[PDB]
Amino acid sequence: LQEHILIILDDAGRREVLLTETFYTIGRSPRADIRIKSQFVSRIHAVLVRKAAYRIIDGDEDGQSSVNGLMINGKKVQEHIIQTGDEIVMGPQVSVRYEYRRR
């Protein structure tokens, strides 16, 4: 039963998060469902909506984006259907890798 795993790398080191819900806000603030500790990350940097995997959209719930959006393979994107093996570089030294692990 493959599970959705998010490998997060930030000021707090590298850690894993199990993606269970339908919607997830992401950012450096305590408000965000998934905290990404860094100054290059907005309080609420993006959102993850499950549609079959998750799609990531840049900006907070109000639709307001950050300066550094979501960079995948060197190029800035607005939204992206996250494929296993993707590395979303979302600021200097910070990023999240996605994996559809089996176990």
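We did not get these values from a lab; they are worked out from the coordinates using the rules stated. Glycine also receives a Cβ, built like all others from the backbone with ideal geometry; neighbour counts cover every protein chain displayed.
At-a-glance table
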quantity	calculated
Label-to-label distance, nm, for residues given as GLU21 and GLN83 (7 Å Cα→Cβ offset)	2.8 nm
Whole-Hz couplings from phi, Karplus 6.51/-1.76/1.60, listed for region 6-13; x for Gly and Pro	10, 8, 9, 10, 8, 2, 8, x
Cα Rg over Rh - region 11-84, Kirkwood	0.93
Nitroxide proxy distance, nm - points 7 Å out along Cα→Cβ at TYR100 and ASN73	1.7 nm
At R0 = 41 Å, FRET efficiency that the Cβ-Cβ distance of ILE5 and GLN64 yields, to 0.05	0.90
Residue-wise HN-Hα coupling along region 63-70, computed from phi with Karplus coefficients 6.51, -1.76, 1.60 (Hz; x: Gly, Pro)	x, 8, 8, 9, 7, 8, x, 10
